[PDB]
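Presented as structure tokens, the chain that follows is alone, the form deposited in one PDB entry.
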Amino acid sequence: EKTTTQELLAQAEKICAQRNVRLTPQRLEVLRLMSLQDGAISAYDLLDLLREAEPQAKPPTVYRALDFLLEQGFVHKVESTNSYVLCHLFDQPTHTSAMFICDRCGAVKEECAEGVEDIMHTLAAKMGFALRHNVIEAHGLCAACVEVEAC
């Protein structure tokens, strides 16, 4: 049974204490707001949610928080949109993942892919290309959306 949202937050607090990094109230609040989402969320949508608690929040507030949360591996940037999602796999050591993005209902599943990382290394190796990071993002329809089509 996968790690719960709440367990991911506890784990984030303790990981930051283990590293000597400061999971501040803002960064924490930003983190939980993202955990509440059923998928990715844009920075300015996130800013709007943040305002309900902290009305004085501006874009720098959100972006600083996201940068920190990104550097610590709690959040991933979904590049093909311009959105951000909670990482559901930081309890393990740092990882490769592939994002599966629904175009209509907007939800995303993060799924590990060992074979993908390796194939990309293999393609990178043949050319003289020192691969550093992979971006794997899939677009289509998720299960629930498929059964709305069947109507």
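What we label the rigid core is the largest C-alpha set whose atoms superpose within 1.5 Å from one form to the other. Don't overthink the numbering: it's just position in the shown sequence, from 1.
Below: the form deposited in another entry, not depicted.
Relative to the superposed rigid core, residue 56 undergoes a CA displacement smaller than 2 Å between this form and the one not shown. After superposition on the rigid core, the Cα of residue 135 moves by less than 2 Å between this form and the one not shown. Annotation for residue 100: C-alpha shift under 2 angstroms between this form and the one not shown, rigid core superposed. Note on residue 8 and residue 134: their C-alpha atoms are more widely spaced in the other form, a change of at least 3 Å from this conformation. In the other form, the CA atoms of residue 63 and residue 93 sit closer together than in the displayed form, by at least 3 angstroms.
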